[PDB]
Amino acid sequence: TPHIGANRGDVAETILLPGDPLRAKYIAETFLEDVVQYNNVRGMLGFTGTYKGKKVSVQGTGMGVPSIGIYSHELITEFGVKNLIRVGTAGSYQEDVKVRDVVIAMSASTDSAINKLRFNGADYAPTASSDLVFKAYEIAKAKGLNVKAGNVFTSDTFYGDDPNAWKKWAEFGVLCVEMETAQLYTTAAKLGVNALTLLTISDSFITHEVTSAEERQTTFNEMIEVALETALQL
């Protein structure tokens, strides 16, 4: 409510969640029919339309655990959302994981304290909904995409103090780093709904390639198609 200026009914049961509200705009204009914009509070654009006849929503979450914490909670509790598919970007930690590859997050490691606080310092592993993982994987394979499914690192920090810090995570099989998933999976689990993160590799700690701002906003089409086809099967 304080953050989404709309009524229950305005948002579909399944929603795609880019971090960038302008990417939500792009998805809505490019892939959906009969689009209605239901939110402009804080510029966090949210749209509802149809994809091949099925109602779907798309809305920006902003960057970081706390921002997506706010939007995922409100979407679930106040708008009755049941399936949440993050479509985001991430920096590769693996030579095997290339700029513009698509990755499924089975789980999310994190340096956020959100769960450390709640479990008295133990290690909760935020985990994807298996059904969504399986469906998204199958759709991807049927499309010719060599999609990997594994652990991603959700960081609070884009500009770390130590340029070599990523290497410890990569040694333990972490595919890439992004900034939202540990929170999305935690909240989905807590509230009894379903969540999946798909990512497009936008930067690389191996080769140091950086995609442009325009490229991230309007050209990562493969992940969007996977997410939409996934939504269609839910």
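One rule holds for the numbers: they count along the sequence shown, beginning at 1.
Colleague: Test of understanding: from the entry's C-alpha B-factors, which stretch has the higher mean, 152 to 160 or 133 to 141?
Modeller: Per the PDB record, 133 to 141.
Colleague: Mean CA B-factor: is it higher for 28 to 36 or for 195 to 203?
Modeller: According to the entry, 28 to 36 carries the higher average C-alpha B-factor.
Colleague: Highest Cα B-factor in the PDB entry belongs to which of 96, 74, 111, 123?
Modeller: The record points to 96.
Colleague: Divide the modelled residues of the chain into thirds by Cα B-factor and specify which third, lowest, middle or highest, holds residue 127.
Modeller: Answer is lowest: the recorded C-alpha B-factor places it there.
Colleague: In terms of the CA temperature factor given in the entry, to which third of its chain does residue 53 belong: lowest, middle or highest?
Modeller: Its C-alpha B-factor belongs to the highest third of this chain's values.
Colleague: Lowest, middle or highest third of the chain for the C-alpha temperature factor of residue 171?
Modeller: Tercile = middle for this residue's CA B-factor.
Colleague: Is the Cα B-factor recorded for residue 92 in the lowest, middle or highest third of its chain?
Modeller: Middle third.
Colleague: If you rank the chain by CA B-factor, which third does residue 147 end up in: lowest, middle or highest?
Modeller: It falls in the top third of the chain.
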